[PDB]
Every structure is written in C-alpha cells, then in structure tokens.
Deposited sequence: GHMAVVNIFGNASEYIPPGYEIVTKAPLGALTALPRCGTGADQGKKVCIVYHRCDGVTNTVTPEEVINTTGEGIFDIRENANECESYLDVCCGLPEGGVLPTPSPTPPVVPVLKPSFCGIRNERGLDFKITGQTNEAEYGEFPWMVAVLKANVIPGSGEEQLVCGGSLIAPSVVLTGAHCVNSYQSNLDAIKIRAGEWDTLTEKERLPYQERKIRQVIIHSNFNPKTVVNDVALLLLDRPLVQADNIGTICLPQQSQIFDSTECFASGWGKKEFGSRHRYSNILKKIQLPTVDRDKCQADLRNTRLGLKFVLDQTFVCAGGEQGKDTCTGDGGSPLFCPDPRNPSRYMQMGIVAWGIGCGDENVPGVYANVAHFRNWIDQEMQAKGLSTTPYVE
C-alpha cells in the first residue's frame, strides 16, 4: 500500500547516476606472454587495464574510444588464454546523469567488435536483455527485458510460482559472457520487490503470459544498460529484421565451456492469419484458433536448440523510427521457436500495452523510459 510514495519520493523512474554508489593484484602474478625479444616479459591483462595505443599496463581503468578494437572470441585464437585479455607491456572523471533513450542497439558492440563468431551478439548489443536467476535448467530461470530503470518485463510462467518466495530469485542486467567478469562494464543485480502477474494468465492455454518485476532499487546508468521501447496497443509488426536473444538455461553460468556469450538470431514477422493457417496445417487441425494474445515469427530450417530464453523479448525495429527497437513478443516456451514451415509462437506484447501502462501508473512509475 506504500509502493507509490517510495517510487515517487525515491525517484524510482530514473537510473541511479554512475559513481554515486576487485584489484588485479601484483602484476607479476599475472600470466606471462610475448614472443621474440619480449618472450615471457609481457603480461596477459584484462583489456581495460592496457592502453590501446601504448600497449602498456595502466594505473587505472581506461576506455578505448577509437572504435577500432576487434576481438576474436574463439578459444586458442589469441596470445592470451582469455579473449578478453591483451598481451600488455609492463609499466577517472565520473559523469552525471545523462539523457536516456529506449531501444538503442549497439550494432558494432561496446568497447570492441567481435570476430570468429557464429550466433554471438556483440558486447552490449541489446542493453535491455535481462536474466532472471536463482538467488539461492540450473541458474537461469528465464529471460526478460528492461522497460524502466526499476522494471523488468517477462512471462508470467516465469515467476508465477515465486509470488510468495521472491527472495529465491533475482535479476541480472548488463550481462554478456556469463563465464567471465572481465567485461569493462559489469552486470548489475537487483532483488525483486514485487511481481505483477496479469489477471487473466492461464498456465494451460498460455494466454496472457506476461508479468512485471518491480526491482528494490533502480539500475545504475551505464552503456551496457538500457530499456526497450514498447509498442502501441494493438500495434502489428511487419519486419524481416526482428531478433530473439538468449544464453540457454543449461549453458548460463555453466563452467564447463570456454564461454557463454549472449546469442542472437534474426527472424521475420509472420502475419497472424497466415500463422494460424500454418498451425492448422499441422496435426492441430483446421479448427485450431490462434488466440489474439499470441503473435508469430519465422522459425529455423534444420532445428536443434532455440535462441531466446523463456520470458525473453522478441524485438523489432520501430517502423516510425527504424534506428531503435520495440518489443513485439515474449518467449512463451523456450522450445517453441518453430521451424522452416511452422512459425514460432510468442506472447503478443502490443496486446498488453494498456495493461502495462496502467500497472506502472498505479505504482507511481513513469512510462517515459519505454517511450522516449
């Protein structure tokens, strides 16, 4: 009954400014590198502690703005074991709150552009990708999207069973490679203060599979953190450039691989009526009716594993502003991404715009972060 006053007086609708709120240790203790005259004389150090021009270790964190960095993510492809380490030679101003814009993709990646990749997303490519994790299949419960500094959008099926046990879960934003913390901008975690599950959600037919996660405190502003824009109520998407993105429940944080970088897959929208038709052609029969709370996108030919995690966002370009992205869907089933002949079925975000606006307003939370 007092969530409103806290959110209003606490400015829960804005990011906490940077600076407002792990020493590498002895350089000699770092793994050696270098060949020729430098053999064994240089050190393997996280890129943000090695000057890009002088190739020399730095006393403090440094930021490369040349936009010419290219990192090969493949194991054994670099001088150093870790692709985020640079073979370096032996030897900041904290900005205020900046303006924020929803749906901004970093197509070229933050800090560096990757190479040697298959379906990996650039570092910080989609700043709104959030992971819902067990605080206590494995660590990752579901995916989700940041729609406001203190609000995450996900599927009801994801948190329905944690309503009376919110302490068992948490969210992680700004994540990229779940197997290392070498990324310059770190991930951020927050406890979930409340969960708002749509009133007409039904776990059987999976209709109205949407929920809001209200965080205990807003996220800190950073380039690897950003909201996704929401569509207008009833909006219909038409694009060949949407994306699904995820880490995989089994892979997330599983220290049995070289890396677990956020993955992405480009997919086109599929008209509602056509989709129902494709579904009717399956054993579902021509009597099957696709509920209005679902939308479709194209599937993959040779199938194996779906890219978007349950509850994660299916997003497409804003037709009125092609440079930014809007959320079209929510992954209802991690295994329901379809194939070459049968489209993937997702929760229809546009059908819930008014509902989201209303829940936000009732909590004293501004909706501008997913509009501007």
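Taken in order along the deposited sequence, the stretches absent from the coordinates are 22 to 25, 96 to 107, 153 to 158.
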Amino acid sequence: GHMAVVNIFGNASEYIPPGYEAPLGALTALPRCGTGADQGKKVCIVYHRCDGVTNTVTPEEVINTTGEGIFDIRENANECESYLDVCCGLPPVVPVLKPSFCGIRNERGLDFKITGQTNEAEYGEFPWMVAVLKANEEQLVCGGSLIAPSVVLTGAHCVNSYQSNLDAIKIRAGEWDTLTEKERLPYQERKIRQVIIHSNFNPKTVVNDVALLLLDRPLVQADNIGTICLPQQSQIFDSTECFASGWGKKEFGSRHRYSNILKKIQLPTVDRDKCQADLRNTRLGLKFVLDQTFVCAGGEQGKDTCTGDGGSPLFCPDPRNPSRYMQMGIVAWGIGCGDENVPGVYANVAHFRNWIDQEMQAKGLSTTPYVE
From here on, numbers count along this sequence of modelled residues.
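With 39 to 47 and 65 to 73 compared on mean CA B-factor from the PDB entry, the stretch scoring higher is 65 to 73. According to the PDB record, 303 to 311 carries the higher mean C-alpha B-factor of the two stretches 303 to 311 and 326 to 334. The maximum CA B-factor among the listed residues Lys182, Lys170, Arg255, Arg217, taken from the PDB record, is found at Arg255.
The PDB entry assigns the greatest CA B-factor among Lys264, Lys287, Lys191, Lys113 to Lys287.
Placement of the Cα temperature factor of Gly52 within the chain: highest third of the modelled residues, per the deposited record.
Among the modelled residues of its chain, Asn281 has a C-alpha B-factor that falls in the highest third according to the deposited record. Ranked by C-alpha B-factor against the other modelled residues of its chain, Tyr83 falls in the middle third.
In the deposited entry, the Cα temperature factor of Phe352 sits in the middle third of values across the chain's modelled residues. Among all modelled residues in this chain, the alpha-carbon of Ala12 has a temperature factor (C-alpha) in the lowest third.
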